[PDB]
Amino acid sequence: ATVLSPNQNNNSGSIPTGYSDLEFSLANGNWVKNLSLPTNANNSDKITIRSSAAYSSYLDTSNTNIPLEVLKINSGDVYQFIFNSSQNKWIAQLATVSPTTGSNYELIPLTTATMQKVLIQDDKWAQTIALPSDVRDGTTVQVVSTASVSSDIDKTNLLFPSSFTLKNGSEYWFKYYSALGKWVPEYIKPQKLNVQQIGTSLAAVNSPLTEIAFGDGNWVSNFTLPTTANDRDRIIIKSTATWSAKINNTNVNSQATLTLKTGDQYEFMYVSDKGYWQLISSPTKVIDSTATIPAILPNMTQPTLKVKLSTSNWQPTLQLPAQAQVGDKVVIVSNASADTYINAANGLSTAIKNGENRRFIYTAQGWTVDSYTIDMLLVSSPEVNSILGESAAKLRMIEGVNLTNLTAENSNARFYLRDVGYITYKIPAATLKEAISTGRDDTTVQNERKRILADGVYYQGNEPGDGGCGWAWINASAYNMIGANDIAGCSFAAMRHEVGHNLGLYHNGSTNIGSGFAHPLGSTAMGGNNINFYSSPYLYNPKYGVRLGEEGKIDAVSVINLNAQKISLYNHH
């Protein structure tokens, strides 16, 4: 065996090729953060990675057979890979443990190794296997079965009681979160079905992730989801077929147009306490700023349509789709200088202006306004312009606006931010905390606010904050509609947080219903601000399925929707 290390490898994590049996060791004085395996290699080459360093290392797994994107290497871990020319990948050799009693229930003993494999065979089988609780945080386990008689995993310590059944070919990856005391699914090998095999309906699901393919020669005209499943089971519906198909709305928590066109993909997730399939992913038809926009918008062939008006595709009037289903949404953005009128069959008649985002939703009585435009005045301190640059400072605030509108749109929040003015000015204040106060009376910013009819004002400064880099009045009147962040410690993601305060939201743990949702698998804007959502009991974590709120206790979107229009009318024509 050949022993190598970063100091013996030009202080690089690129494990070199040419060795039939290589051992790459990491230590406290000999360490690198990012590691990778060589692409060029011979068939039976062996590489073993060991680590005794206090700092963790991370391995690129793009040329391996591990479905995870990155491997976390800790002190005491021993990873072994064997190349394979037939597959052109490094095959991992994980510590394997198997059930040994042919009984109905067996607890699986796990070591302290970060990555382990639980493997079920014909001769090593159990009706129900249980993963142990309270193991080292971050422990990742691959559960795989090659047996011909099926088994399943005990659901007590699993994040959700999904259909974790194990047949020949099943593969589930779990990671234990001590903050939750639960094994959380990180990768689920999908059960693939051709719709020609099952027809126009699926009576029941067999695994946590079912993938139904449509194609030419494999196609039906309509498809009905199961009436029931286990909690957080998922169904993905894909099409490569020429001719469209319809996903029936029965058993789904949506009346929208679920038309399955070429290249479309839909994802559904069952919710036990509600008893239906939640629609968590659906296509959006986009007519962008370079494409031609029809005067009469096309009939809905998917749940959402977004139209991007520009100077080169400007249209004087737009007619909302004549045929649609309840829940269908139309989002219109305008970067053209002239206005565009929007009309619907029910008599709805309005206009969209330059820089404005507008969303409409279809109801039983026609199209309906689904968003209110809050005009904002962007103020940048000259100190910030000197550090970032005149153009850069404007760029920083615009990205804050775009992220806020993206977060609001993902949350069904009925508001968009529109910047109607940008001024360079220093609010007289020694601190950011002081600036948020005097900015309400500052003659320079308030005259400009009135001149351009800005519903609110936002300030980007370089003053030190008194215990934090952002400030904003909570549930702000027209007089208090102001928010601020700095550049020292706050990024452009702070705007959607401060504007949330202006809209009436509090941090997680607050007694108010308009508060954030904090969770180790993803926290909303007011409750940690690491996912693009405001909290709501009708929103779910895209990857893990955790409900982002609670009916009557944690619902930020319900408070936003009660204040959005009132704030949008602070300044008007």
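Just count from 1 along the sequence shown to find any residue number.
Looking at 507-515 and 22-30 together, the entry lists the larger mean B-factor for 22-30, computed on C-alpha atoms. Taking the PDB entry as given, 430-438 carries the higher mean Cα B factor of the two stretches 355-363 and 430-438.
Across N313, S201, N462, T228, the entry's maximum B-factor at the CA atom is seen for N462. Within the group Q255, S148, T240, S221, the record's highest C-alpha temperature factor is found at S148. The PDB entry assigns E171 a C-alpha temperature factor belonging to the middle third of its chain's modelled residues. For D328, the recorded CA temperature factor ranks within the lowest third of the chain's modelled residues. In the PDB entry, a CA B factor belonging to the highest third of its chain's modelled residues is recorded for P38. Placement of the Cα temperature factor of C490 within the chain: highest third of the modelled residues, per the deposited record. Placement of the Cα temperature factor of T524 within the chain: middle third of the modelled residues, per the deposited record.
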